[PDB]
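Encoded as structure tokens, the following chain is the form deposited in one PDB entry, with no partner shown.
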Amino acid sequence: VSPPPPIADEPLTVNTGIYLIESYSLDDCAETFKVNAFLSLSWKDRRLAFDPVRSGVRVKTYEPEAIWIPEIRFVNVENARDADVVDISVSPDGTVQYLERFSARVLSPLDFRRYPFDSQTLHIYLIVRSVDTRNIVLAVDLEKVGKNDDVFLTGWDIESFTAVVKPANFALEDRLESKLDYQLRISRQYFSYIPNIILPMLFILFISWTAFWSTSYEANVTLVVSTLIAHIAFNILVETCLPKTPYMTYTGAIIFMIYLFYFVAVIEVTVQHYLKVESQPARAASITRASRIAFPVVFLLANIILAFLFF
């Protein structure tokens, strides 16, 4: 077979629709997610038109190999989609209604800047290449774009699944390609990060500050150094859940800044001891007493500045 010929000189319009059945495996490091959906296609092929009466039937059913089917492909899939044709219907005027069901691993970049309070726009790009006989163009049938209410993405809130109606028409290797952008809007469920990372990380930091109510160098060194090690453990744990970004993430910035606090705390603890040994506890006591206020204050201020820069 070959493509439906033009009546007048017009491009062939392939109407499309994606209906999400399942969404799973949003992998932050790989920047991929897996989808399981219906793909619907619709186009006019006049060669397939018929008389309702001489057949006695309102619609005709075909097998894929029997008719011409436009070669619709996904741009951003890892390995080309697993596809099962569900139904092919032809109406009297030769309007074809194709329905497949597929599953794919979609590669879509994520913006980690506000992690874990980030929102993402995942994209599924539909595409078609024009042939020599005629030019093919994609369109969105809004009636056939949706998601079943059971669709869930573990650790995320699904906001919407919509399509940008106007295709992106452009030339690639001397042929026209018509590209569609289906968008899945999601936002991260930051809840668990509070009792699992943020709060534990703040507790160990506050514990380090008890060194400001102690004159025991040996105890202070144990406090500050031990808590610093627990901070390293959380830092390492966090970096395991994320890809390496060429920018600072919100959490990443908080985590980095905290190292500076531990470093300055070690200096204070060192200075206090040095002064104590040099028989000048009064200077030492001033620095420690200032530290009790300066540390929580500078910490609270730096965090406000950061939240501001990031949100």
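Throughout, we count residues from 1 along the sequence that is shown. What we label the rigid core is the largest C-alpha set whose atoms superpose within 1.5 Å from one form to the other.
The same protein has a further form, the form deposited in another entry, not shown here; the description that follows concerns it.
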Have a look at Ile232, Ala171, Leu142, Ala83 and give me the residue whose C-alpha moves 2 Å or more between the shown form and the other one, with the fit done on the rigid core.
-> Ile232
By 3 Å or more, the Cα spacing of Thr240 and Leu153 differs in the other entry; is it closer or farther than in this view?
-> closer
Working note: in the other entry the C-alpha atoms of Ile236 and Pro246, off by 3 Å or more, come farther
